[PDB]
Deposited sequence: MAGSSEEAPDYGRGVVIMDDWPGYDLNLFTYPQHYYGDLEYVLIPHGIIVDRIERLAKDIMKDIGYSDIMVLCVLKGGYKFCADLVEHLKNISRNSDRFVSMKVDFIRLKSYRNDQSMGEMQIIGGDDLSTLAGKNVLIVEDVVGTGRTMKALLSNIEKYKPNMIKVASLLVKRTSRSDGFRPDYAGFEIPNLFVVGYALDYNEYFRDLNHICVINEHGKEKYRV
């Protein structure tokens, strides 16, 4: 069968990744990372395609971007930049507003979400693991009666049968733990450019 492109870029279980010594990375993490799972540049290239897909699907009306902090911030900043790039340099434009929330399910911060009523909402999230977080978030947002909700997740783990399938998925990754590109381990590694797998040394060094 032809691929299901809705899965995003498929990173296989036997993917060895890229060797950190061949790329640049924050020097304070020297010795703390095992390998590069997804280089920064491939993330940006993939986001270019997602932005084009999103514009096709929901560019016909205003978009309310809802960033899921903190891990979503880089994917949201870059995705928004790509959408902006289209709205100014092509024939196709979309008015965007942006908001930011943190999840505890309690939603922390953000505007009064009654402002979402009748609007097209694009949730921007870092990674789907079990899918429980996204299912709960959708259930909470749906109560404000937006016109539609789309979920973009940079990463989706391959696991279970009760997963969550985002509308826009960057990469489908093995069921392992990832950091970088704003994703953290105990608040560290958000400043790392590439998505990486930490090594055992890093796991202990940054342990709480």
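- Stretches of the deposited sequence lacking C-alpha coordinates, numbered from 1: 1-6, 111-120, 176.
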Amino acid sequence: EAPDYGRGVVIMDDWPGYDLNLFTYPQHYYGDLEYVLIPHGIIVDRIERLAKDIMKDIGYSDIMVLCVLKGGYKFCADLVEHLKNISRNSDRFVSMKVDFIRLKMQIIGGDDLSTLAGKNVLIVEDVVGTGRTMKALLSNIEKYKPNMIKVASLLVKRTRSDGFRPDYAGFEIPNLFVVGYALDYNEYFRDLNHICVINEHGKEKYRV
From here on, numbers count along this sequence of modelled residues.
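- Taking the PDB entry as given, 131-139 carries the higher mean Cα B factor of the two stretches 131-139 and 76-84.
- 24-32 and 142-150 differ in mean CA B-factor, and the higher of the two is recorded for 142-150.
- Compared with the other modelled residues of the chain, the Cα B-factor recorded for residue 46 ranks in the lowest third.
- Per the deposited record, the Cα B-factor of residue 70 falls in the lowest third when ranked against the other modelled residues of its chain.
- In the PDB entry, a CA B factor belonging to the lowest third of its chain's modelled residues is recorded for residue 40.
- When all modelled residues of the chain are sorted by CA temperature factor, residue 167 is found within the middle third.
- The deposited CA B-factor of residue 91 belongs to the highest third of values across its chain.
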